[PDB]
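Listed next as structure tokens is one chain, alone, in the form deposited in one PDB entry.
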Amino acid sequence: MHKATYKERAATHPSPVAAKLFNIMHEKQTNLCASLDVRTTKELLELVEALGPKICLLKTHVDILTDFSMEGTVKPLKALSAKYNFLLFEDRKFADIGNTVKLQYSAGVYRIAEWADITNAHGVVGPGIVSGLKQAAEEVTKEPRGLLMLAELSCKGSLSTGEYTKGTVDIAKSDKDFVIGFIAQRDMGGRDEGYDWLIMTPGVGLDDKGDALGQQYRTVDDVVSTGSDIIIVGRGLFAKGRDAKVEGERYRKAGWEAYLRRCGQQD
């Protein structure tokens, strides 16, 4: 059940973004994605500057930012990404008609399709979302884009249960070049059908138990052994007075060793 190393899936993955990411993970020995959800670009860029070398991906929520601007938020982030070598993942969770999402994705104020290497969509809308988002991206950029499908959530009461999770996993099979994998809590299979689904899972924390508003955390070792390729950590790195720089190296290392341990697996 244990998967092939990251360096191998890099030369195996059909998607150029998934390949690069896998390379980044190998290059820097990290499967840690930072989800620095702060309300100002100032601190966002300060947290990114600090996590820069320990992350393989940066998941963003620009619509949470009080002072977003293409010049002051995106331009600097793109640079940071190029400087510290990690990809950009805008966690916008598109979930509307293919026509509506096409506009929300390629244009608007955030112009997400222009800088985001990766994004995601809910399976609710149907398969027409993957095409709406794919077309929207290719209408504004020649750059490689990758889509993740939200198969399961980590908050209390999620409706991404069995059936819905199925329909969603189905939407991802529609485009092996574009759909990189899933935002899920566990392995989603697919290997059998020639799919190298990337599993990125949020709701990870070594200290916090969660909630306040529905959150629930699982340890780094917990999720990894469940088949997680990347661990998405947010308040666990920068919140509650914590030091992003220290937590970054902490989680990055705890995730990398939990990986090397699962690769020693042979069922």
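The term rigid core refers to the maximal set of C-alpha atoms that superpose within 1.5 Å between the two forms. When you see a residue number, it is the position in the sequence shown, counting from 1.
Another form exists, deposited in another entry; not displayed. Remarks below refer to it.
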Taking the rigid core as reference, which of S106, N85, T73, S154 is displaced at the C-alpha by at least 2 Å between this form and the one not shown? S154
Superposing on the rigid core, is the Cα displacement of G52 between this form and the one not shown 2 Å or more? no
Can a Cα shift of no less than 2 Å be assigned to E27 between this form and the one not shown, given superposition on the rigid core? no
Rigid-core frame, C-alpha of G210, shift of 2 angstroms or more between this form and the one not shown: yes
Against the shown form, C-alpha atoms of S154 and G234 in the other form: closer or farther, for a change of 3 Å or more? farther
Relative to the shown structure, Cα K59 and Cα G214 in the other form (3 Å or more change) are closer
